[PDB]
């Protein structure tokens, strides 16, 4: 099989330097362009998505939309899941990134940003950056919705959708496109490449450049992953 991952580009809150996580923030004007370049890179580099999987965060959805518009496969099937969602930022959701570096001091800030398993404190159900009871998460077990998270966790929850849902399509021969977020794609790629806990910290999945994994029946790489634009992914 063939799989193509795509991280949205800059978002409205990303240029204001605010932590996003699950707040359904829009895709910046720049993020719509990096979207189109991914589309164009799909068309150009001849990767052809038979089905699409996004998260339930609009910045991700808007990316696939614009990208598929440019590759002319706007008509392919569409599934969404909270399991493809970005990591939840807890208390840190909607807090100024730089204003938070000063309150926590470089070490606590960084463990929260790039550690595999330490989550920011949970958010209040009353917060304005809380999704407790959001309409797009109304048919999911209220008990499983996080109020914070870490890479570790994000993966504990993404895996089951990958195992059952996104895998039928792959083993069905189909070519799957996933348009999700930064933490969730690094999380998928870790499961995929076998990277250690210690190691996943060093992986950057460059925004707007689709990454193609050609997999075998056991859903493990055939050959090593290729970005559709090398020098761009490496620069």
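Residue numbers count along the first chain shown, from 1.
For the pair 16-24 and 221-229, the record assigns the higher mean C-alpha temperature factor to 221-229. A summary of the deposited B-factors shows that, of 212-220 and 7-15, the stretch with the larger mean C-alpha value is 212-220. Residue-level inspection of the entry shows that, of 161, 129, 116, 89, 89 has the top Cα B-factor.
When the C-alpha B-factors of 103, 157, 138, 80 are read from the PDB record, the largest value belongs to 103.
For residue 30, the recorded CA B-factor ranks within the highest third of the chain. Only modelled residues enter the ranking. The entry lists a Cα temperature factor for residue 56 that places it in the lowest third of the chain's modelled residues.
Among the modelled residues of its chain, residue 206 has a C-alpha B-factor that falls in the highest third according to the deposited record.
Annotation for residue 94: CA B-factor lies in the highest third of the chain's modelled residues. Sort the chain's modelled residues by C-alpha temperature factor and residue 65 lands in the lowest third, per the entry.
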